[PDB]
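Two forms of the same protein chain are encoded below as structure tokens; each is given separately, as structure 1 and structure 2.
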Structure 1
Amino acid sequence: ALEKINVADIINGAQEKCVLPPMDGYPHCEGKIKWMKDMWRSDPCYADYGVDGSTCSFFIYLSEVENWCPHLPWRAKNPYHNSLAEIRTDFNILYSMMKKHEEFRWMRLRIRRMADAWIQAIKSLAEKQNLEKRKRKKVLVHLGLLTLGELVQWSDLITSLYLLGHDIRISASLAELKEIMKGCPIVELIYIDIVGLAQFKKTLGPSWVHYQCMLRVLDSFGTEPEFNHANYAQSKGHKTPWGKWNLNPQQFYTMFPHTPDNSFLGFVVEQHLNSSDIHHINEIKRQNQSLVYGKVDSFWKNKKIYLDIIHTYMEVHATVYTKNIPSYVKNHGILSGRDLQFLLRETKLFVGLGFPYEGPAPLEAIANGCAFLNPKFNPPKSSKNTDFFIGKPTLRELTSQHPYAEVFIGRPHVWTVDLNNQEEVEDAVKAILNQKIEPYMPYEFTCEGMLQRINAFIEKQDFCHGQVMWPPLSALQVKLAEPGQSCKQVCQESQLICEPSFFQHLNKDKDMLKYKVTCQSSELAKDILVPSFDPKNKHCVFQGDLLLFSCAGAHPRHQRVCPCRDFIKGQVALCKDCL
């Protein structure tokens, strides 16, 4: 109400024609000014803000109210409340929220185990980083899952939101969701899973789209733009019922940083050994023994030749819940987290069999000083060729059993080898026996690293207030992908990551000239594979449907114009200027 009076006051003192500034960072401003010339009477709210038909009034409305146009210094900034978030160092409020429904018992038990580690981490982050003056956000979390990787991630996200001081409302039923949920521009963010999102749409019906900018959707395997755009997915013949939400794809939150079109949420790799356990393990030398990754004996089918090669150099151990198990294997059965990590500390090699795909267990092994033998996949596995991935709303390809371990950890902790190739396996086992490796845990999978990441998303990632401005455009590094290469690939092989919020700044002739791409001619297509550049004719094809901007996808004929950003080593979700 007073924001309307505030903007009207600015317009009352403004010239007829704003001398418009440079549009850098705001590529939709001019198109929306033109839209206002035709449409500022279609809704009385624009006039309620003081819009009077002058183009300067359009500009003022679009910058000050909707943030689609650059901000001008209309008013001075006054160099001088209760609304601030304070970090929490006590869990009783969170437990009392979860003590209402009973499949929260597993999560409460995990949080109680990890409580001291979480509290040390939030205190440590606040001692290193300036966390003052953050606004307390009102957050809804709806766990459709409740109506194991999924549970761990939910637990650590909820814990992180809580430790950072935000006001959380937890919903775990349709009835709870319905009661809670009862331009021109209560709850500010809504964390939800894929099951819960379907429930959200049904509870709200067609008006759900008014809340969609607030959604952060936990989606372990990721959703690519080709599948997120419902009409495009249909035009490609995709039969999967998944995807089709038409969200900004950065609103999907993944388990590992494998899909740069999405955001990486992750989780914490729990530490089960306390200081007494650790001191007792410095007692005992790590043995020349291996431990096979895989709890179900059916995972071991046809792995005998591979294990025999390992068995030539090392004892072979297992934790199996026994047809396919060689008789020389020492089976411990299922172990507690503490007993498992004791075993990992006496173990030189954690042996992947090819399945399961990208879980936490290899990171747990590496964090206890084991090397991981990581089977390589050629062809890479994807929804195109692997029954286990049928219906996934993404063509993402796995190049090994644990692509994160392959790409972001690597040797000497991770030896990515063809398990069928005896020479490659032997070369790895021999080098692992004679190598010095220390326990290693990527910062992003620690309590403190997860808090830093989630804090940055809460403070900086915003889809509800017009122009996306984070990561900052200063971080953009433009690369040309060759034909047959995706934008995801061309950033990754240069130790960068694709940043999909930057595509919109690379989508016309004038913008392309900033990066020494000169288009003699140009056209518009609605295609995930553009902006594209034909270097023979210097013909550019730009994006005609902004929801199809896509890090994934290789152009068969032309070069792709690809927006990369730097990432902080060990914190891939953030650029150095992202905070």
Structure 2
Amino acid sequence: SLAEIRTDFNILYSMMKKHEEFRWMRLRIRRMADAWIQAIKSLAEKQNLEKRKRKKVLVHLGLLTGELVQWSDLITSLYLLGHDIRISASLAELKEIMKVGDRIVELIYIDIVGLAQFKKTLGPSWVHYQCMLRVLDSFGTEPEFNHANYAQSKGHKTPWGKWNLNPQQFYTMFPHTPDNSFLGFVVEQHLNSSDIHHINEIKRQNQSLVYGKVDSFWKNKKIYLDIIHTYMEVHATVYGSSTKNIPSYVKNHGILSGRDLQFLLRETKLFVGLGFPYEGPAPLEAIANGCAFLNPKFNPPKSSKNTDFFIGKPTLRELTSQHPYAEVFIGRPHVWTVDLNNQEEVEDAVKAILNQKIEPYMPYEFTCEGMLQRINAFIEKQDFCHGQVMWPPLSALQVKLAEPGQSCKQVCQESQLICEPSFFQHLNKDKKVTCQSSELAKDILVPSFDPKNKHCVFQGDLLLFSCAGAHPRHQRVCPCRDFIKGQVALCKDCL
């Protein structure tokens, strides 16, 4: 009934042998297995992992009836932590795994596809298991969209969301929506021992490498690159089917293996964002190998509102730059977020970059070990099956008052904290805000204070608490917590 840190992928490998569909994940796991095992050992030496209940866990990949990376890293983490995993990837496997006053599973990891299938399967008993769902939703689901009646009342047209879960049951690829939990993935290193001793030998050159494998992504960026070029060589890894948009002076390497790319990143001073693709791993991989990242700034920020790429998403989350995580959670000196319309700002950033030495940096949360700490913490401390939650600890709460036009998400972030939605239920009374009157409302923007009238508005619907949302007129009362540098998902007391 207690859980045992596994270090032998044999049992796993036979589990993942049972479908061709799993081959790509098998290969990923096999490749990283040494890193994965050093990780679980290393964690078990800095953390007592000896006192944990073995949990029976469904995982259902509707996807199989980016993602597969996260699935790989999740499934692997569940194994190394010693839990009893039932992988399903078909209606029949799911239907079999399911069909006294007990529960047949304690955790369920699933994607949006699988959730429709899970619901259709369990029918009425849905409710007996919904507190256990952990929904892999890369782009996230904001409370305004999760909550069906309210979405309808706001006239939202997207068929997505409307599941009425606790929004912390949504698991995202990057920490962009603090209404949801951050699961993430591991940024792979393709370097063995001989490469490590060789990684040293590589002398870094005053040369740039452009981010983008496709000629399309380069379109109308000549002015931007010409500024880079002024000061350093410009290398690419572009699939050269067409080169219509590639300046003549670009030194193309073509598509490289992960191994070869990492060696190239080691002789590169600057990795250059073109503005697409949005929040991918490549810039983390660059920063890890000691490159700086030139991060195009978005004015206005891009969202489901103004960008065809995001239309229909059940979230109004905005991108302030091509890589908001790199912008907010790494920043200078490693990351230089700059407006491409501001030619002077770009030139300055490039001049500044060329005159600083910066050490490599991989955030703890995007390693095998950080991921294991992070998932272990969610499994051991995050329970929705016993009503209102007590983790993270209330000791972590630090209230801020967002000014009109500012979300709780922003006010916490701008003060180097993260909005913690589980603290919202404790902001129910005024005990620099004193009310002369209060009312109840079912709105994502409350609790709110009107400092003109000294009128407070409290949340009347537990499912409408939102880190997301700004009041045009009023101040929002906001629950923030501290977080660990490199491990945003946790606070210091979160232990």
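In this text, rigid core is short for the largest set of C-alphas that superpose within 1.5 Å between two forms. By convention here, residues take numbers in order along the sequence of structure 1, the first being 1.
Of the residues checked (206, 410, 391, 379), the rigid-core alignment between structure 1 and structure 2 shows a Cα shift of at least 2 Å for 206 alone.
A C-alpha shift of 2.2 Å is found for residue 275 between structure 1 and structure 2, based on superposition of the rigid core. Superposed on the rigid core, the forms differ at residue 486: its CA is offset by 0.7 Å between structure 1 and structure 2.
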